[PDB]
Amino acid sequence: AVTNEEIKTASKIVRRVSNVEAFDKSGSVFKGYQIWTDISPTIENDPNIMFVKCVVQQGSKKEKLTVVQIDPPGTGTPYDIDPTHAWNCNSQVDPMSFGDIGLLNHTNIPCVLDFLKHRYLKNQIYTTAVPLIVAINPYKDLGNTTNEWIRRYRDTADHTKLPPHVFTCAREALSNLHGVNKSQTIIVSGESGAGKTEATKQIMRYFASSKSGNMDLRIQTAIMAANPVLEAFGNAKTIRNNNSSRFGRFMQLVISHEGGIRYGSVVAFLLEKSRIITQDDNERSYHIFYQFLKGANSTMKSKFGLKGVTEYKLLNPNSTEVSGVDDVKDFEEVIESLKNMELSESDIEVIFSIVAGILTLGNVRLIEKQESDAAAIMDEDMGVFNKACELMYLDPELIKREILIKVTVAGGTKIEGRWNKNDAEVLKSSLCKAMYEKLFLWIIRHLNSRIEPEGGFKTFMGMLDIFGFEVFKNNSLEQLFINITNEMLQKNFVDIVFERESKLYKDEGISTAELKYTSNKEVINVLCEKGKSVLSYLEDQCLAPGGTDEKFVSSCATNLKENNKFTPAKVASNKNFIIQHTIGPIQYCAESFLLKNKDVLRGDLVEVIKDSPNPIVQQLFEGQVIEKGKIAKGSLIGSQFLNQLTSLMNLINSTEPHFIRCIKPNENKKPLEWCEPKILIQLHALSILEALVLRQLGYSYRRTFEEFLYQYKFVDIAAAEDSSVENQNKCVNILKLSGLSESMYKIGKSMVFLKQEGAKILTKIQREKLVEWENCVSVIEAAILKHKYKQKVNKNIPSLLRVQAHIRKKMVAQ
Amino acid sequence: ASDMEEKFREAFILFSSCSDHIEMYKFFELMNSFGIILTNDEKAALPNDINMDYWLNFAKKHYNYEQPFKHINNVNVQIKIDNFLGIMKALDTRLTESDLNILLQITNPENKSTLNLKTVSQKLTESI
Amino acid sequence: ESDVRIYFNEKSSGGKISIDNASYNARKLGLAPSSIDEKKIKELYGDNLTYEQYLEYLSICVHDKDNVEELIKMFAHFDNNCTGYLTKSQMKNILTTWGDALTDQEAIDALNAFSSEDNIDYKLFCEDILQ
Ligand SMILES: Nc1ncnc2c1ncn2[C@@H]1O[C@H](COP(=O)(O)OP(=O)(O)OP(O)(O)=S)[C@@H](O)[C@H]1O
Ligand SMILES: COc1ccc(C2(NCc3c[nH]nc3-c3cccs3)CC2)cc1
Ligand SMILES: [Mg+2]
């Protein structure tokens, strides 16, 4: 599973920042001092492991440490590492005893990986890095998103007693919305298989759980019923996920403050149309095709003339079956769900008629006919063609003509010619893909017509379910659009972190002049700004006749010198180029950019479809512009998508965001399996490690005057218990005599502001003033910990009795 | 004459996760749990790979049979509660807020604003 | 049911059978009693059981809830990196310290009979003894 490319980029993310303090003042190693290191034969031999835990041996010099590995178990062999390969360790801290990574004493990379691992190995998959929520795919049902857990998370007095959970984010989001009349968006992102769609379904069910009833249950039921339906039509089995979402999903919801969905709206973008025609090996097309072909009853097979799943050109004959997936049972769920979105039986019958026609059109074969070199339908497939058009309520002769008869303009004269076999198959394929995509969008249009509020949304809960940054070696158009979307969301992330912090300093009267902001405005521009951007030039090239992938690249390299965000690629500088995204350089290959961007049904085929007698097929392409001459931006994927994205981002930017960052821990779909290089790569692409850094900057440590006094009283117990001093001036006194430099604290209107480093120093200062208690506290704690450990053993003694009981039964066997 | 070997042996495997060797940091917790305390000197003179038999000998030599929690209170004394809880937290105690409340109900039943450290050494001696 | 009545007559005395021998049968019959069961039937009928109580006792010893999932609980508790393995010494210390502790020889023998390897798949060790 772990490739060498994964190891290359994972070692790039590794950095060593803070120094390791393994020696006491006298120069001797602290007895037993533990560190993390990336040098070990364990690491060379097992690519799931990136760091191991060692203890520095007495006698180490300071410029080369001699260590012995202790976790995972080793040889006891001493070896030598450079200090730049030792990282500090959080020894003796319970990873389950708090929810946020930033509360750790050290947050270097091995410490962060290990903190998340030992929570994950105890089935705690949720951890925050404010404002981010990290959620790791357990790849088994942990049993923590049931109705009883929904009720516990919704009805508990103080949600702070409970561990991080997607319900906690749902509950805060809903609580803020009704609390200050502000819309919210929950943004769920991550790579394939990470658990995004499971997360958003769990949040939806939370939102659908009213404390005591929902009069608008009919609307809520339609919204929930949309999950099986959208998955059937838009999800497919890939190598990485048996249930991959091949479209981005946005939802707006109206939710009563005690739970219950009252209104909603659904938006799908960038459906993977190409999957309708062909699929890689061990992959399927959209679930609906297999649900339908396997689940339809004998009468529905008769009407539509259905054959078997292994009998269709558009369906991969060899990946028909997916372990764990009962397509027939899923069909019955889809049929019932369609009715719950208030489609009649007539409507549903039309829907599957169209699907049956799409499948059938794919089985029509074309041949070359030379007198010229025109194309034609194979004679034995003329019924198959006719049935497919009847199945789609299309005019068979008019559809035949648009596929076989080419009109070109030469001079300024229209000339009737013929498409050859290759181009005519491209037209048959376009029709198949167009009809499926528009049928998918029609179903959503219909849904929305039942569940949207008549006036539009006053205040709403948004939900976004999308890929995060995608980085392969070969990146294409599909990844470009994805990575642009995530640049937009990164800017939203950096903005909200800056606004919230700037607001807090202002409110307390702290100078903001030292606040930090890493803008990505320059790379959004290089991708989007009209007239000087990749997307502008992709558009321009597509419009102009004789555009090539290569001429697209070339215009970019000559016009985007102004920012370093565009970088021509070294190898194959035609057709390859690099962009300096926020997460690092990403390389794109412009092969087929123009092919994929212009992949939109346009022209006279659309006009035939619009002329169908059937009222649903009429609405598939309702009001689509007639493209009589040339080709217009209105039918380019990138041009339409960018308007969608802009519209979508204006909406989100008007809301308070919540970021659920999903992580897939291994590539084997297995529980309790931890692959560090792949997890580390995702910690980087999800800006989790940056989130820690971001929050630690400046005066990151705040406590109200009486929290500071409760916390730090013994720094100067005199100053803290002076009955003639207001609580604010007691803090000034304590800090003035602590030893801290002025640069390290500021006194706000109500809080003490501390740089992170000053807080640790203040903590160390208080501990030296308390040296006399060190022995007494060690023994109390240790004695109690022993008892705490014996209780955990007593729980499993009834289990242990059985092991021993059968052991003695087997000794009797002798 | 009072044999502690069984209790020592049980405690070792509790802190070592049932292995016959124990890590140094976990060894410090172990000996601290029987009220044993070392300077940095005797500390740095310990073996580096401490095993069970070593612990049993060390415990025999250092365990205070007459006053196991001498270092909580010596009979050769009362602190406010919030002072005590602060000191615990100041010294980075790994005890959760629950553990501390349970210890406080036990040792200070009447919810007096003072805590007797003699009392704490007593009740802990009882739970050995 | 004949096995039951046969094994009773081997070790019956004055028509009653001792709890120790009654347990020995329960093992011979493929049941696995513990001290808990030995104590439940002590409370009821003393240390010598008539035939009917012996049968009622053998009922107590069936323990159908016994599966691999239930037995491995204590080994799992000490398997911190969740490898599925524990060393022989780890499992020796568990079996000889808590519960109806075995002797060291009994524990060593039971582990060395299951694997010549120092690391033991305790899911498989428990499945082995359960049959
Ligand atoms: N929280 C979870 N608990 C249990 N199983 C989960 C959880 N999240 C995901 N899974 C499993 O992992 C599979 C994939 O998770 P998804 O939510 O479909 O992934 P995804 O993030 O939506 O990826 P894409 O972009 O759709 S390929 C699911 O079908 C479940 O089998
Ligand atoms: C022709 O251009 C494309 C681009 C992408 C797609 C894919 N679907 C989009 C999608 C699925 N999940 N998340 C997303 C998105 C994240 C951010 C924006 S869309 C097929 C993956 C298809 C065609
Ligand atoms: Mg999904």
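Count begins at 1; order follows the chain as displayed.
This entry, so its header tells us, was determined using X-ray crystallography, 2.2 Å.
Backbone N, Cα and C define each Cβ position, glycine as well.
Features reported for this protein in Swiss-Prot:
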type: MOD_RES; residues: A:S18; note: phosphoserine
type: BINDING; residues: A:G190, A:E191, A:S192, A:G193, A:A194, A:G195, A:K196, A:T197; note: ATP binding site
type: REGION; residues: A:657-667; note: region 'Actin-binding'
type: REGION; residues: A:769-814; note: region 'Tail'
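Taking the mean position of the Cβ atoms of A:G190, A:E191, A:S192, A:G193, A:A194, A:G195, A:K196, A:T197 as the ATP site, the remaining same-chain residues with a Cβ inside 8 Å of that point are A:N137, A:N241, A:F467, A:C662, A:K664. Where the chain is interrupted between A:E371 and A:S372, 3 residues are left out of the deposited model, and the two C-alpha atoms stand 6 angstrom apart. Residues of the same chain lying 6 or more positions beyond the ends of the region 'Actin-binding' (A:657-667) and with a Cβ under 8 Å from any Cβ of it are 1, 48, 120, 131-137, 139, 166, 169, 172-173, 184-196, 199, 240, 468, 492-493, 496, 673-675, 678-679, 682-683, 686-688.
In sequence order there is nothing to list, since none of the binding-site residues A:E191, A:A194, A:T197 has a CB under 8 Å from a CB of chain C. When the alpha carbons of A:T197 (ATP binding site) and A:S18 (phosphoserine) are compared, the span between them is 38 angstrom. A coil conformation is recorded for the residue listed as 'phosphoserine' in the three-state DSSP classification, outside any helix or strand. Under the three-state DSSP scheme, A:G195 (ATP binding site) falls in the coil class. A:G190 (ATP binding site) falls within a strand when secondary structure is assigned with DSSP. Note: the CA-CA distance between A:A194 (ATP binding site) and A:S18 (phosphoserine) rounds to 31 Å.
Cα distances from A:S18 (phosphoserine) to the binding-site residues A:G190, A:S192, A:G193, A:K196 are smallest for A:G190.
Here A:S192 (ATP binding site) comes close to A:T238, A:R240, A:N241, A:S244, A:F467, A:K664: these same-chain residues lie at least six apart in sequence, with C-beta atoms under 8 angstroms from its C-beta.
DSSP states for the region 'Tail' (A:769-814), grouped as helix (H, G, I), strand (E, B) and coil, give 41 helix, 0 strand, 5 coil. When other Cβ atoms within 10 Å of the Cβ of A:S18 (phosphoserine) are tallied across all protein chains shown, the result is 10. Taking a C-beta cut-off of under 8 Å and a sequence gap of six or more, A:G195 (ATP binding site) has these contacts in its own chain: A:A135, A:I136, A:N137, A:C662, A:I663, A:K664. Broken down by DSSP into helix, strand and coil, the region 'Actin-binding' (A:657-667) contains 0 helix, 7 strand, 4 coil.
Cβ environment of A:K196 (ATP binding site): A:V188, A:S189, A:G190, A:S245, A:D465, A:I466, A:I660, A:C662 lie under 8 Å away, each six or more residues apart in the same chain.
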